[PDB]
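Trainee: One structure, as C-alpha cells, below. Some questions next.
Please treat every number below as a calculation from the coordinates, not as lab data. Positions of Cβ are backbone-derived with ideal geometry, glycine not excepted, and every protein chain shown enters the neighbour counts.
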C-alpha cells in the first residue's frame, strides 16, 4: 500500500513546493467545529493536517496547547471521538493526509493494536507520539507497521547518534524538528545539520507565528508546522464572537501565499 503521506510529499517535492501543516486540537473550542475547521484549513492551503488528541497530563506542552486540551477535555473528547471526526472528514476528503498527535498513555490504555487498526480504518495516515522516546518505540513501531500506520518522529539540534539511528530505521514519511532565544541563522544552521543526518524530509515545528516567519523558514526548510499561532487565532475569534473559519482561513492562506512567493 502507498501511504497518503508519501503520495503528498512526492508531489510537493517534484514541484519544489514546501509543506504547510497546521495543528489543531480535536474538540476545541467545541466538538462540532473540528471537522469544519479541518476542511477550512485544506481550502486555505494545508498539505497535511495534524489533529491533536486531548490528554489530561500534558506537562510537555506550552500554555497555548495546554489550554486547548483543557477546553477539549471539558467536552470529554477522547480517542474514539477523534477517530469519528476523522471518519466524518474522510467522507468528503480522501486525499489530504491526517496525522494524529497525542500522548502514549491514552493509546496504550486503548490498546496498541486496536488503536492502530481503528485509526487506519477511520482514515488516519500516521501518528506523532509526543512522549514516546525513540529508545522506547520498538513495540509501537512493529504494530504500526503491521497496519501501515506511519510513525512520525521528533528530532532536535541535540538528537544523539544512536537515537538518530533509532529514528532512521523506524520513521516514515517525515520528521518533526524542534529546538526546545533561538535566532533565524542559528535555526537555519542547526536545521540543515540535523537534516543531513536524516533519511526523511524535515519539517520545522515551532516558532511560526506570522506569514513572514513562515516564509523565512520555508526558504531553507522542507516544510513548516503551525500550531500555537493557529490555535490562538481560532480561540480569539471564538471569544470575540467572530467566525473562527474566516479567521483560521485568512491566517493559513496568508502563510500559504508568503511561502509560495518565497
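Trainee: Report the FRET efficiency, 1/(1 + (r/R0)^6), for residue 246 and residue 59, where r is their Cβ-Cβ distance and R0 is 25 Å, rounded to 0.05.
Mentor: Details: r = 34 Å, r/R0 = 1.35.
Efficiency for this residue pair is about 0.15.
Trainee: Okay, next question. Shape verdict for region 95-191, please, from the Cα gyration tensor: rounded (a/c under 1.5), prolate (a/b greater than b/c) or oblate. Display every interim value, and only then the final one.
Mentor: Numbers: a/c = 2.18, a/b = 1.78, b/c = 1.22.
Prolate.
Trainee: Further question: Between residue 43 and residue 66, take the C-beta separation as r, use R0 = 35 Å, and let me know the FRET efficiency to the nearest 0.05. Mind dumping the intermediate values first?
Mentor: Values: r = 28 Å, r/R0 = 0.81.
The value I calculate is 0.80.
Trainee: Could you work out [θ]222 nm for the chain from helices alone, using -39500 (n - 2.57) per DSSP H run of at least four and dividing by all its residues? Round to the nearest 500 deg cm²/dmol. Intermediate results must be reported in sequence, preceding the final value.
Mentor: On the way: 12 runs with 133 residues, N = 262.
Using -39500 (n - 2.57) per qualifying helix, the result is -15500 deg cm²/dmol.
Trainee: What Kirkwood hydrodynamic radius, in Å, does the chain give when the mean of 1/r is taken over all pairs of distinct Cα atoms and then inverted? Could the numbers behind the result be given before it?
Mentor: Numbers: mean 1/r = 0.0544 Å⁻¹.
18.4 Å is the Kirkwood radius here.
Trainee: By average Cβ neighbour count within 10 Å, what is the ranking of 242-249, 185-192 from highest down? All intermediate terms of the calculation are to be shown ahead of the outcome.
Mentor: Details: 242-249: 16.8, 185-192: 14.4.
Highest to lowest by the protection proxy: 242-249, 185-192.
Trainee: Give me the number: length gained by fully extending residue 156 to residue 87, i.e. 0.36 nm times residue separation minus the C-alpha to C-alpha distance, one decimal in nm. Could you put the intermediate results ahead of the total?
Mentor: Numbers: separation 69, 0.36 × 69 = 24.84 nm, distance 3.28 nm.
Roughly 21.6 nm would be gained on extension.
Trainee: For region 60-138, rounded, prolate or oblate, judged on the Cα gyration tensor with a ≥ b ≥ c (square roots of eigenvalues), a/c < 1.5 rounded, else prolate if a/b > b/c?
Mentor: Details: a/c = 1.62, a/b = 1.14, b/c = 1.43.
Oblate is the answer for region 60-138, as a/c is 1.5 or above yet b/c matches or exceeds a/b.
Trainee: Full-extension gain between residue 94 and residue 163, please, as 0.36 nm times their residue separation minus the C-alpha to C-alpha distance. Present the calculation step by step, with values, prior to reporting the outcome.
Mentor: On the way: separation 69, 0.36 × 69 = 24.84 nm, distance 3.40 nm.
Once the chain is fully extended between residue 94 and residue 163, it gains 21.4 nm.
Trainee: Follow-up. If a/c stays under 1.5 just call it rounded; otherwise compare a/b with b/c (prolate if a/b is bigger, oblate if not). Do that for region 121-262, with a ≥ b ≥ c from the square roots of the Cα gyration tensor eigenvalues. Write down the numbers at each step before the final one.
Mentor: On the way: a/c = 2.24, a/b = 1.39, b/c = 1.61.
In terms of gyration-tensor shape, oblate.
Trainee: From a point 7 Å beyond the Cα of residue 145 in the direction of its Cβ, which residues of region 197-232 have a backbone N at a distance under 19 Å?
Mentor: Output list for this probe position: 199-200.
Trainee: Within a 10 angstrom radius of the beta carbon, how do 143, 98, 48 rank from fewest other beta carbons to most? All intermediate terms of the calculation are to be shown ahead of the outcome.
Mentor: Working: 143 18, 98 23, 48 27.
So the residues, fewest neighbours to most, are 143, 98, 48.
Trainee: Could I ask something else about it? Sort 79, 155 so that the residue with the fewest other Cβ atoms within 10 Å of its own Cβ comes first and the one with the most comes last. All intermediate terms of the calculation are to be shown ahead of the outcome.
Mentor: Values: 79 21, 155 24.
Ascending number of Cβ neighbours within 10 Å: 79, 155.
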